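Below is one structure, written out as structure tokens; comments come after it.
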Amino acid sequence: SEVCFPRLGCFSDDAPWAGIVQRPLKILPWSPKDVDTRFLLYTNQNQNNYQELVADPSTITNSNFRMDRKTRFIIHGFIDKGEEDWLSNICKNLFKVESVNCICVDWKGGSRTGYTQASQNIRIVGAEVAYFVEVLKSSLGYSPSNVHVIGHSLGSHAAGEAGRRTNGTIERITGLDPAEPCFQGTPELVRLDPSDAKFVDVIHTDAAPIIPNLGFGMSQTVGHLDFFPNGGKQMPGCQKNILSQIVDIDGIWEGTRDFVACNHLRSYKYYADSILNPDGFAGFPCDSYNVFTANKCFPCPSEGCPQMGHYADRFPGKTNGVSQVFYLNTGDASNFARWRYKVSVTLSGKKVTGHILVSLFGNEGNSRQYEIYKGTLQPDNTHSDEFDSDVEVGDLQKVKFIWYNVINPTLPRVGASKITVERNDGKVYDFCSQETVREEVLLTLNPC
Amino acid sequence: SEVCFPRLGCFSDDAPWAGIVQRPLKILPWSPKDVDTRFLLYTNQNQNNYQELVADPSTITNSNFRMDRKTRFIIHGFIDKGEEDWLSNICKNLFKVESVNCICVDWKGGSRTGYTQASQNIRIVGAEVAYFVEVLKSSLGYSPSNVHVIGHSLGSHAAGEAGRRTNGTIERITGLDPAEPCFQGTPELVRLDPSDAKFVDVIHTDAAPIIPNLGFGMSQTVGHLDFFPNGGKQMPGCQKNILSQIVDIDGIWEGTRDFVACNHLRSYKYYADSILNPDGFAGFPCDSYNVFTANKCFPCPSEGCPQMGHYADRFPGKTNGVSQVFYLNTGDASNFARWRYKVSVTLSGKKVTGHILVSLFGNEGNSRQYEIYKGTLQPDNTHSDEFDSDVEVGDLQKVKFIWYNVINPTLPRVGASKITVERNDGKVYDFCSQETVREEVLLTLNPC
Amino acid sequence: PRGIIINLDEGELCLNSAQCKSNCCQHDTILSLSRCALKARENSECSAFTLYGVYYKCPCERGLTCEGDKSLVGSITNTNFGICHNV
Ligand SMILES: *[C@@H]1O[C@H](CO)[C@@H](O[C@@H]2O[C@H](CO)[C@@H](O[C@@H]3O[C@H](CO[C@H]4O[C@H](CO)[C@@H](O)[C@H](O)[C@@H]4O)[C@@H](O)[C@H](O[C@H]4O[C@H](CO)[C@@H](O)[C@H](O)[C@@H]4O)[C@@H]3O)[C@H](O)[C@H]2NC(C)=O)[C@H](O)[C@H]1NC(C)=O
Ligand SMILES: *[C@H]1O[C@H](CO)[C@@H](O[C@@H]2O[C@H](CO)[C@@H](O[C@@H]3O[C@H](CO[C@H]4O[C@H](CO)[C@@H](O)[C@H](O)[C@@H]4O)[C@@H](O)[C@H](O[C@H]4O[C@H](CO)[C@@H](O)[C@H](O)[C@@H]4O)[C@@H]3O)[C@H](O)[C@H]2NC(C)=O)[C@H](O)[C@H]1NC(C)=O
Ligand SMILES: CCCCCCCCOCCOCCOCCOCCO
Ligand SMILES: CCCCCCCCOCCOCCOCCOCCO
Ligand SMILES: [Ca+2]
Ligand SMILES: [Ca+2]
């Protein structure tokens, strides 16, 4: 079959668009009238209430759109609409850090149909967003360079359409957890993949498989950088009891959405925060996630860590390959920025059973108390771990040590001859004391 | 199904290894005894007659193999064996330019079966070559860095196996026209693709489609750089009459091989020469091949042109993306090095009909006479073209002009006020005269 | 080497220069085979017109003159070898 529509050309239901086995059923896109792709403009000059553009140069030349700036499109996905607060957050945060054309892309007409259907209309949504870039470029002069398109679920793919049709000349496409079903598999010419723009950075926050653990996210790589925060499959902050997830602190819409697709939705959560924390999302090459939690690959490689989210575009080793995966850990709520530090402590005092626990102090501020080991504490053993501090201490000046949960009346004492802290930077800071302390007491070590 | 063999692990006939639609039939690899992968060593210390290694560290530590050097594997493909002269040429040329471990890889046992079969055993051939790198690395210390694996047809894919199994740590994989059938399509985990090594540069010398024009080569991109010499589909020097192709100047084996898969085989031809001509294979980004022949994209971009073949590895813009295609033109015989120059001539004398023709002279040497235009010659029109000189003239000192094929008894005269020559470098050299000459006469212009 | 057809590309087989597009049917020795080749260029070796119709070194591109031996021995042994040169 084929349909052709005014601005958007023709639309074959031929393989690999359908018929192919991960995408069996033969179905077409909807009229570009039903999708009803709308372009909701937001600028620094107008957060809070949107303008609305169609591809008509006069419209965008009589609007708060500014072509001496830079443009970011935000495409929602299935069962969603381009108004939904998450799309506006990203524009807000962006406006804090940046002066920008923040076009939310509504296609709520197209998105509320059947899944297979919706996954089908995205070609239209793609083709609309693609056409818009076109008129910008040719009519207005606005180079597809200055465009960055971000899309979530089905939307990431839409961006892949827009990217494809644009001969891959848009600067960046970001994939906040791309939709797996009928897209994972499927040639370059269906899904997002690094070909659709000059740089395609994907955040995988709900991979691992639709069967039988109900993940709407993509295992598959796609794009250049491929971050799997929290290892990709199980976002922390999403195993809450029903009541706590629904009645969540951002209102009872957000908690239901998180009740429905928590892990899946976290992708634009993490994206949103990373706008504001430029350093809070560093990612780590590793042969696995397990190997990462197994504390076997820190600090950051000599080139850098990619920042997951808004700043992946500044990684140096960026386009320099395809399907580079990286691991970081993120918070459980809605500042998600973390900062990995490795701490090794060497014990004084005498054999006691219990937990050690260190807290970092630095010119920026100081950290919670992160555990480091727990078991038979006993002198001269060096013990280590790395932990995801929710405070970036900066350049360390001191640390402290504290232990607990075995005292006879004896009142044993345990201590730390040396603790060395390694930032993800690579720096190692050395801290020494010959003191011991008894349990629940804060020994400060100083730089030796 | 699954088989498992001593050194090489297990071998599933599961998708996407078979069953998937571009690779339907379910078939396994052969015993690692039938393939009979052999490693034919050649070194500067021993061109002309090969040593033979198996993965056994003692064997390679009691051999002319030298791990203070650098290693290049050459894998043949279907219907071929690792002795065939083409594999030795590349070692010979390499030895001229370079001190190196030039391991030809024979798997003639595996390669002479059915096509689908052979395309299946390559996992073994891959797994052998992969294992060899392994023992080098771990037993011997020899980093998978220093390895460069070159493979032709099926062999390029084999190198992709070796590359895959090595977690993509080998420095370079080169794809002398990868085999299309049951590999083009097929996920990253079947074909060569930029993931299989730190740099994957492919030469496409027989793309365009098995149906119905009988190409064994890959349209698909693959690898970082993607050269399509002579536009990819129709290698010049392969449309000869039957007699001249078979009785070709390198003996009547070579002409039969070129009688069978001429275009396909040219890939290792071009590779072989490029070893010796470090500058004779510059490639050009363009939106097409037709647009290139349409003389719409010269000289080389400010970064450089990739050299196709042995020196693609020194392009700066190298890993900095994926599926960068480039076009160059090559010779029709067995020095294939060319050097593109653009020449524009402006005519004096008076209206005559005929061809203009320029020849370049430079501190290195001088060129044939390349046409530039042909038609109504007439004064003050500037005409241009670029041509693929088979001589690199170097820095130009002069040029000459010559025209032909319309004289009345009149004895008209035509000339060139100025000719400017632009090297692929980017330089423009200017040459001027106020002379005219009559046909078949060589007017030299000098630098104005 | 048989040829027997007209307007041959370089590398094709020829009994004689009249067949080649280049109109030089070259071959490196007396026992080797004549394949079409390209007219020599300025400053490269050449032969002046042979009656034998087959060259050890081609005639030069137009505008040029093969400047070397034009003796008798040469004309019969097909070795009137010159370099091409302008006028
Ligand atoms: C961006 O696109 C081109 C760039 O030239 C401009 O002009 C031509 O546009 C067409 C469409 O009008 C170009 O073809 C495109 O091909 C892609 C398919 O893959 C191949 O891409 C190249 C060529 O084969 C190879 O290197 C690569 O390995 C692949 O083999 C797809 O993006 C498009 O095909 C699809 O497009 C239509 C309409 O959307 C679909 O419905 C079709 O059925 C098909 O699925 C795309 O058409 C064409 O070749 C270009 N011309 C030239 C001379 O190069 C556009 O105007 C420009 N627009 C922008 C924003 O820059
Ligand atoms: C290469 O790797 C390390 C060195 O640091 C050594 O130890 C571990 O090696 C294993 C295998 O040896 C590594 O696992 C590999 O898994 C890959 C699976 O596909 C995924 O690839 C990564 C990992 O999950 C994802 O990011 C990606 O998007 C995919 O999900 C495969 O590439 C391999 O499995 C497949 O290939 C084999 C290999 O021969 C097949 O035969 C299998 O059946 C299957 O199809 C591969 O097994 C692991 O990460 C390493 N970790 C660490 C810390 O070392 C290797 O032995 C080493 N060898 C060398 C030279 O580097
Ligand atoms: C046609 C009537 C409404 C359909 C009922 C939907 C039931 C669950 O919806 C929760 C809201 O959607 C959030 C999850 O979206 C997943 C896909 O991506 C959307 C991104 O913008
Ligand atoms: C078509 C004529 C009769 C059959 C010929 C079969 C044997 C050809 O072998 C001689 C050497 O051929 C070299 C070419 O080998 C690779 C061809 O690869 C095809 C898929 O890549
Ligand atoms: Ca795509
Ligand atoms: Ca591969």
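Letters for chains follow the order of the structure tokens (A, B, ...), residue numbers begin at 1 for each chain, and ligand numbers begin at 1 in the order shown.
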DSSP on the backbone, then: every residue of region 6-209 of chain A marked strand (DSSP E), written as a ChimeraX atom specification. /A:9-12,38-43,46-53,71-75,101-106,147-153,172-178,200-203
Taking only C-alpha atoms and all ligand atoms and a cut-off of 7 Å, can you tell me which residues surround ligand 1, written as a PyMOL selection string? (chain A and resi 9-12+130+133-134+144+164-167+169) or (chain B and resi 220-221+287-288)
Residue 13 (chain C) environment, 8 Å, only C-alpha atoms, sequence neighbours closer than 5 positions dropped, as an NGL selection string: (:B and (243-244)) or (:C and (1-3 or 8 or 33-36))
Same residues, N, CA and C atoms, saved as a PDB file, in the first residue's frame:
ATOM      1  N   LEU B 243      38.798 -12.811 -24.366  1.00  0.00           N
ATOM      2  CA  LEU B 243      40.175 -13.132 -24.720  1.00  0.00           C
ATOM      3  C   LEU B 243      41.212 -12.293 -23.992  1.00  0.00           C
ATOM      4  N   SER B 244      41.036 -10.969 -24.007  1.00  0.00           N
ATOM      5  CA  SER B 244      41.964 -10.057 -23.320  1.00  0.00           C
ATOM      6  C   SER B 244      41.903 -10.112 -21.781  1.00  0.00           C
TER       7      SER B 244
ATOM      8  N   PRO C   1      49.125 -12.149 -30.596  1.00  0.00           N
ATOM      9  CA  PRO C   1      47.808 -12.331 -29.985  1.00  0.00           C
ATOM     10  C   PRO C   1      46.706 -11.876 -30.924  1.00  0.00           C
ATOM     11  N   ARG C   2      45.710 -12.724 -31.131  1.00  0.00           N
ATOM     12  CA  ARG C   2      44.650 -12.388 -32.071  1.00  0.00           C
ATOM     13  C   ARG C   2      43.868 -11.180 -31.578  1.00  0.00           C
ATOM     14  N   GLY C   3      43.240 -10.470 -32.508  1.00  0.00           N
ATOM     15  CA  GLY C   3      42.593  -9.222 -32.163  1.00  0.00           C
ATOM     16  C   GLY C   3      41.405  -9.017 -33.062  1.00  0.00           C
ATOM     17  N   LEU C   8      39.988  -0.887 -30.173  1.00  0.00           N
ATOM     18  CA  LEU C   8      40.220  -1.594 -28.924  1.00  0.00           C
ATOM     19  C   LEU C   8      40.710  -0.679 -27.816  1.00  0.00           C
ATOM     20  N   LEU C  33      53.182 -10.355 -26.302  1.00  0.00           N
ATOM     21  CA  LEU C  33      51.973 -10.174 -27.105  1.00  0.00           C
ATOM     22  C   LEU C  33      51.512  -8.725 -27.172  1.00  0.00           C
ATOM     23  N   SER C  34      51.012  -8.359 -28.335  1.00  0.00           N
ATOM     24  CA  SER C  34      50.661  -6.994 -28.595  1.00  0.00           C
ATOM     25  C   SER C  34      49.317  -6.656 -27.992  1.00  0.00           C
ATOM     26  N   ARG C  35      49.377  -5.806 -26.970  1.00  0.00           N
ATOM     27  CA  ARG C  35      48.191  -5.173 -26.413  1.00  0.00           C
ATOM     28  C   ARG C  35      48.247  -3.663 -26.602  1.00  0.00           C
ATOM     29  N   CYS C  36      47.134  -3.091 -27.055  1.00  0.00           N
ATOM     30  CA  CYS C  36      46.945  -1.642 -27.050  1.00  0.00           C
ATOM     31  C   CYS C  36      47.529  -0.929 -25.839  1.00  0.00           C
TER      32      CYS C  36
END
Could you work out how far CA of residue 228 (chain A) lies from CA of residue 290 (chain A), giving the answer in Å with one decimal? 12.0 Å
Give me the residues within 6 Å of region 429-433 of chain B as a ChimeraX atom specification, counting only C-alpha atoms and dropping any in the same chain fewer than 4 places off. /B:417-421,445-448
So which residues touch region 39-56 of chain C within 7 Å, counting only C-alpha atoms, skipping near sequence neighbours fewer than 3 positions away, as a PyMOL selection string? (chain B and resi 368) or (chain C and resi 16-17+22+24-29+59-61+64+66+78-85)
Contacts of chain A with ligand 2 up to 10 Å, shortest pair per row, only C-alpha atoms and all ligand atoms, as a tab-separated table:
residue	atom	partner	partner_atom_place_in_ligand_line	distance
A:219	CA	ligand 2	30 (O)	7.3
A:220	CA	ligand 2	28 (O)	6.2
A:221	CA	ligand 2	28 (O)	5.4
A:222	CA	ligand 2	28 (O)	9.0
A:226	CA	ligand 2	26 (O)	8.5
A:227	CA	ligand 2	26 (O)	9.7
A:228	CA	ligand 2	26 (O)	9.4
A:285	CA	ligand 2	26 (O)	9.2
A:286	CA	ligand 2	53 (C)	6.8
A:287	CA	ligand 2	49 (O)	3.5
A:288	CA	ligand 2	49 (O)	5.4
A:289	CA	ligand 2	24 (O)	8.4
A:290	CA	ligand 2	49 (O)	9.5
A:291	CA	ligand 2	53 (C)	6.3
A:292	CA	ligand 2	53 (C)	8.8
A:294	CA	ligand 2	53 (C)	9.9
A:296	CA	ligand 2	53 (C)	7.5
A:297	CA	ligand 2	53 (C)	8.3
A:323	CA	ligand 2	28 (O)	6.8
A:324	CA	ligand 2	26 (O)	7.4
A:325	CA	ligand 2	26 (O)	5.5
A:326	CA	ligand 2	26 (O)	8.2
A:327	CA	ligand 2	26 (O)	9.9
Residue hits in chain A, query chain B, radius 10 Å, only C-alpha atoms, as an mmCIF file with N, CA and C atoms, in the first residue's frame:
data_model
loop_
_atom_site.group_PDB
_atom_site.id
_atom_site.type_symbol
_atom_site.label_atom_id
_atom_site.label_comp_id
_atom_site.auth_asym_id
_atom_site.auth_seq_id
_atom_site.Cartn_x
_atom_site.Cartn_y
_atom_site.Cartn_z
ATOM 1 N N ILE A 20 8.149 -7.261 7.746
ATOM 2 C CA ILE A 20 9.291 -7.832 8.453
ATOM 3 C C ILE A 20 8.874 -8.293 9.832
ATOM 4 N N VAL A 21 9.589 -9.279 10.369
ATOM 5 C CA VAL A 21 9.057 -10.145 11.429
ATOM 6 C C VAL A 21 8.944 -9.512 12.808
ATOM 7 N N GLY A 185 15.464 -4.258 16.358
ATOM 8 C CA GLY A 185 15.560 -5.228 15.288
ATOM 9 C C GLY A 185 15.709 -4.387 14.033
ATOM 10 N N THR A 186 14.668 -4.419 13.214
ATOM 11 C CA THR A 186 14.333 -3.373 12.255
ATOM 12 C C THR A 186 15.482 -2.475 11.774
ATOM 13 N N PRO A 187 15.680 -2.394 10.453
ATOM 14 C CA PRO A 187 16.887 -1.773 9.932
ATOM 15 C C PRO A 187 17.053 -0.350 10.378
ATOM 16 N N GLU A 188 18.274 0.160 10.222
ATOM 17 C CA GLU A 188 18.579 1.572 10.355
ATOM 18 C C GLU A 188 17.409 2.455 9.908
ATOM 19 N N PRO A 194 22.885 5.647 14.671
ATOM 20 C CA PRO A 194 23.774 6.817 14.719
ATOM 21 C C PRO A 194 23.762 7.606 13.411
ATOM 22 N N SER A 195 23.148 7.001 12.391
ATOM 23 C CA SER A 195 23.092 7.588 11.057
ATOM 24 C C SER A 195 22.159 8.782 10.955
ATOM 25 N N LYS A 198 24.299 13.912 13.246
ATOM 26 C CA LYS A 198 25.726 14.017 13.487
ATOM 27 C C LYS A 198 26.205 13.447 14.860
ATOM 28 N N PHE A 199 25.281 13.215 15.792
ATOM 29 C CA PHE A 199 25.613 12.659 17.108
ATOM 30 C C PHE A 199 24.332 12.191 17.764
ATOM 31 N N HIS A 224 25.749 6.861 19.183
ATOM 32 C CA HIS A 224 27.170 6.837 19.487
ATOM 33 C C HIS A 224 27.422 6.431 20.948
ATOM 34 N N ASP A 287 32.903 -3.573 31.241
ATOM 35 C CA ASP A 287 32.584 -4.734 30.458
ATOM 36 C C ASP A 287 31.196 -5.216 30.809
ATOM 37 N N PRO A 316 34.892 14.227 24.458
ATOM 38 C CA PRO A 316 35.765 14.235 23.276
ATOM 39 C C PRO A 316 35.680 12.957 22.445
ATOM 40 N N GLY A 317 35.681 11.804 23.098
ATOM 41 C CA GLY A 317 35.671 10.549 22.365
ATOM 42 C C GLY A 317 34.280 10.220 21.874
ATOM 43 N N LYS A 318 33.619 11.201 21.273
ATOM 44 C CA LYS A 318 32.162 11.197 21.148
ATOM 45 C C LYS A 318 31.676 10.467 19.901
ATOM 46 N N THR A 319 31.928 11.065 18.739
ATOM 47 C CA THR A 319 31.556 10.455 17.473
ATOM 48 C C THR A 319 32.543 9.364 17.126
ATOM 49 N N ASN A 320 33.645 9.320 17.865
ATOM 50 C CA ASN A 320 34.766 8.442 17.542
ATOM 51 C C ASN A 320 34.431 6.956 17.730
ATOM 52 N N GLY A 321 33.159 6.634 17.580
ATOM 53 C CA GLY A 321 32.779 5.249 17.410
ATOM 54 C C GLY A 321 31.273 5.140 17.426
ATOM 55 N N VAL A 322 30.771 3.962 17.768
ATOM 56 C CA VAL A 322 29.353 3.671 17.650
ATOM 57 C C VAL A 322 28.997 2.556 18.650
ATOM 58 N N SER A 323 28.013 2.823 19.511
ATOM 59 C CA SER A 323 27.611 1.898 20.558
ATOM 60 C C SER A 323 28.618 1.781 21.701
ATOM 61 N N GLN A 324 29.315 2.884 21.996
ATOM 62 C CA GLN A 324 30.082 3.017 23.233
ATOM 63 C C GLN A 324 29.121 2.999 24.421
#
Can you tell me how far CA of residue 343 (chain B) sits from CA of residue 404 (chain B), in Å to one decimal? 18.1 Å
Compile the contact shell of region 94-103 of chain B as a list in words: residues with an atom at most 7 Å away, counting only C-alpha atoms, same-chain residues fewer than 3 positions apart removed.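 Returned residues: residues 39, 40, 41, 42, 43, 44, 65, 66, 69, 70, 71, 72, 73, 74, 90, 91, 275 and 276 of chain B.
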One decimal, in Å: what's the spacing between CA of residue 283 (chain A) and CA of residue 154 (chain A)?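 The value is 24.9 Å.
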With a distance cut-off of 10 Å and only C-alpha atoms, select the neighbouring residues of residue 58 (chain B), excluding the residue or stretch itself and same-chain residues fewer than 4 positions from it, and output the selection as an MDAnalysis selection string. chainID B and resid 53:54 62:63 139:140
Per residue of chain A within 9 Å of ligand 3, record the nearest atom pair and its distance in Å to one decimal, counting only C-alpha atoms and all ligand atoms, with rows in chain order and ascending residue number, as JSON lines.
{"residue": "A:75", "atom": "CA", "partner": "ligand 3", "partner_atom_place_in_ligand_line": "21 (O)", "distance": 7.0}
{"residue": "A:76", "atom": "CA", "partner": "ligand 3", "partner_atom_place_in_ligand_line": "21 (O)", "distance": 3.4}
{"residue": "A:77", "atom": "CA", "partner": "ligand 3", "partner_atom_place_in_ligand_line": "20 (C)", "distance": 3.7}
{"residue": "A:78", "atom": "CA", "partner": "ligand 3", "partner_atom_place_in_ligand_line": "17 (C)", "distance": 4.1}
{"residue": "A:79", "atom": "CA", "partner": "ligand 3", "partner_atom_place_in_ligand_line": "12 (O)", "distance": 5.1}
{"residue": "A:80", "atom": "CA", "partner": "ligand 3", "partner_atom_place_in_ligand_line": "21 (O)", "distance": 4.6}
{"residue": "A:81", "atom": "CA", "partner": "ligand 3", "partner_atom_place_in_ligand_line": "21 (O)", "distance": 6.4}
{"residue": "A:82", "atom": "CA", "partner": "ligand 3", "partner_atom_place_in_ligand_line": "21 (O)", "distance": 7.4}
{"residue": "A:84", "atom": "CA", "partner": "ligand 3", "partner_atom_place_in_ligand_line": "21 (O)", "distance": 7.7}
{"residue": "A:86", "atom": "CA", "partner": "ligand 3", "partner_atom_place_in_ligand_line": "21 (O)", "distance": 8.2}
{"residue": "A:87", "atom": "CA", "partner": "ligand 3", "partner_atom_place_in_ligand_line": "21 (O)", "distance": 8.1}
{"residue": "A:111", "atom": "CA", "partner": "ligand 3", "partner_atom_place_in_ligand_line": "19 (C)", "distance": 8.5}
{"residue": "A:112", "atom": "CA", "partner": "ligand 3", "partner_atom_place_in_ligand_line": "1 (C)", "distance": 4.9}
{"residue": "A:113", "atom": "CA", "partner": "ligand 3", "partner_atom_place_in_ligand_line": "1 (C)", "distance": 6.4}
{"residue": "A:114", "atom": "CA", "partner": "ligand 3", "partner_atom_place_in_ligand_line": "1 (C)", "distance": 8.6}
{"residue": "A:151", "atom": "CA", "partner": "ligand 3", "partner_atom_place_in_ligand_line": "21 (O)", "distance": 7.9}
{"residue": "A:152", "atom": "CA", "partner": "ligand 3", "partner_atom_place_in_ligand_line": "20 (C)", "distance": 5.2}
{"residue": "A:153", "atom": "CA", "partner": "ligand 3", "partner_atom_place_in_ligand_line": "18 (O)", "distance": 4.9}
{"residue": "A:154", "atom": "CA", "partner": "ligand 3", "partner_atom_place_in_ligand_line": "18 (O)", "distance": 6.5}
{"residue": "A:155", "atom": "CA", "partner": "ligand 3", "partner_atom_place_in_ligand_line": "20 (C)", "distance": 7.0}
{"residue": "A:178", "atom": "CA", "partner": "ligand 3", "partner_atom_place_in_ligand_line": "18 (O)", "distance": 9.0}
{"residue": "A:179", "atom": "CA", "partner": "ligand 3", "partner_atom_place_in_ligand_line": "17 (C)", "distance": 7.9}
{"residue": "A:216", "atom": "CA", "partner": "ligand 3", "partner_atom_place_in_ligand_line": "16 (C)", "distance": 8.1}
{"residue": "A:253", "atom": "CA", "partner": "ligand 3", "partner_atom_place_in_ligand_line": "11 (C)", "distance": 8.4}
{"residue": "A:254", "atom": "CA", "partner": "ligand 3", "partner_atom_place_in_ligand_line": "11 (C)", "distance": 8.7}
{"residue": "A:256", "atom": "CA", "partner": "ligand 3", "partner_atom_place_in_ligand_line": "10 (C)", "distance": 6.8}
{"residue": "A:257", "atom": "CA", "partner": "ligand 3", "partner_atom_place_in_ligand_line": "10 (C)", "distance": 4.7}
{"residue": "A:258", "atom": "CA", "partner": "ligand 3", "partner_atom_place_in_ligand_line": "13 (C)", "distance": 7.7}
{"residue": "A:259", "atom": "CA", "partner": "ligand 3", "partner_atom_place_in_ligand_line": "10 (C)", "distance": 8.2}
{"residue": "A:260", "atom": "CA", "partner": "ligand 3", "partner_atom_place_in_ligand_line": "10 (C)", "distance": 5.9}
{"residue": "A:261", "atom": "CA", "partner": "ligand 3", "partner_atom_place_in_ligand_line": "14 (C)", "distance": 5.5}
{"residue": "A:262", "atom": "CA", "partner": "ligand 3", "partner_atom_place_in_ligand_line": "14 (C)", "distance": 8.3}
{"residue": "A:264", "atom": "CA", "partner": "ligand 3", "partner_atom_place_in_ligand_line": "16 (C)", "distance": 7.2}
{"residue": "A:265", "atom": "CA", "partner": "ligand 3", "partner_atom_place_in_ligand_line": "14 (C)", "distance": 6.8}
{"residue": "A:268", "atom": "CA", "partner": "ligand 3", "partner_atom_place_in_ligand_line": "20 (C)", "distance": 8.9}
Residue set, chain C restricted to alpha helix (DSSP H), as a PyMOL selection string: chain C and resi 72-76
Neighbours of chain C in chain B at 10 Å, counting only C-alpha atoms, as a PDB file with C-alpha atoms, in the first residue's frame:
ATOM      1  CA  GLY B 237      39.758  -2.468 -16.594  1.00  0.00           C
ATOM      2  CA  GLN B 239      34.941  -4.705 -19.450  1.00  0.00           C
ATOM      3  CA  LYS B 240      37.560  -6.213 -21.742  1.00  0.00           C
ATOM      4  CA  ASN B 241      36.658  -8.812 -24.315  1.00  0.00           C
ATOM      5  CA  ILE B 242      36.837 -12.431 -23.041  1.00  0.00           C
ATOM      6  CA  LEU B 243      40.175 -13.132 -24.720  1.00  0.00           C
ATOM      7  CA  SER B 244      41.964 -10.057 -23.320  1.00  0.00           C
ATOM      8  CA  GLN B 245      40.640 -10.541 -19.786  1.00  0.00           C
ATOM      9  CA  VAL B 247      45.064 -13.814 -21.376  1.00  0.00           C
ATOM     10  CA  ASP B 248      45.953 -10.848 -19.145  1.00  0.00           C
ATOM     11  CA  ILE B 249      49.548  -9.708 -18.592  1.00  0.00           C
ATOM     12  CA  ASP B 332      42.694   0.465 -15.197  1.00  0.00           C
ATOM     13  CA  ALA B 333      45.801  -1.539 -14.618  1.00  0.00           C
ATOM     14  CA  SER B 359      49.549  18.893 -20.059  1.00  0.00           C
ATOM     15  CA  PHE B 361      54.830  20.170 -15.983  1.00  0.00           C
ATOM     16  CA  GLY B 365      57.761  15.406 -13.774  1.00  0.00           C
ATOM     17  CA  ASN B 366      55.121  15.918 -16.418  1.00  0.00           C
ATOM     18  CA  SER B 367      51.728  14.589 -17.396  1.00  0.00           C
ATOM     19  CA  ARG B 368      49.987  13.103 -20.406  1.00  0.00           C
ATOM     20  CA  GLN B 369      47.761  15.383 -22.389  1.00  0.00           C
ATOM     21  CA  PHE B 401      47.982  23.742 -24.492  1.00  0.00           C
ATOM     22  CA  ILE B 402      47.107  21.990 -27.767  1.00  0.00           C
ATOM     23  CA  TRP B 403      43.987  21.702 -29.860  1.00  0.00           C
ATOM     24  CA  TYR B 404      42.707  19.758 -32.867  1.00  0.00           C
ATOM     25  CA  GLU B 439      46.136  22.884 -34.454  1.00  0.00           C
ATOM     26  CA  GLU B 440      48.362  20.095 -33.217  1.00  0.00           C
ATOM     27  CA  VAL B 441      50.817  22.653 -31.832  1.00  0.00           C
ATOM     28  CA  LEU B 442      52.091  22.869 -28.280  1.00  0.00           C
ATOM     29  CA  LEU B 443      51.766  26.381 -26.796  1.00  0.00           C
ATOM     30  CA  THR B 444      53.528  26.526 -23.446  1.00  0.00           C
TER      31      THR B 444
END
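Of the listed residues B:108, B:196, B:272, B:38, the one whose atoms come nearest to residue 170 (chain B) is B:196, with distances taken using only C-alpha atoms.
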When distances are computed from only C-alpha atoms and all ligand atoms, which of A:203, A:192, A:328, A:136 shows the smallest separation from ligand 5?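 Of A:203, A:192, A:328, A:136, the one nearest ligand 5, counting only C-alpha atoms and all ligand atoms, is A:192.
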Ranking B:181, B:126, B:57, B:24 by minimum distance to ligand 6 and counting only C-alpha atoms and all ligand atoms, which one comes first? B:126
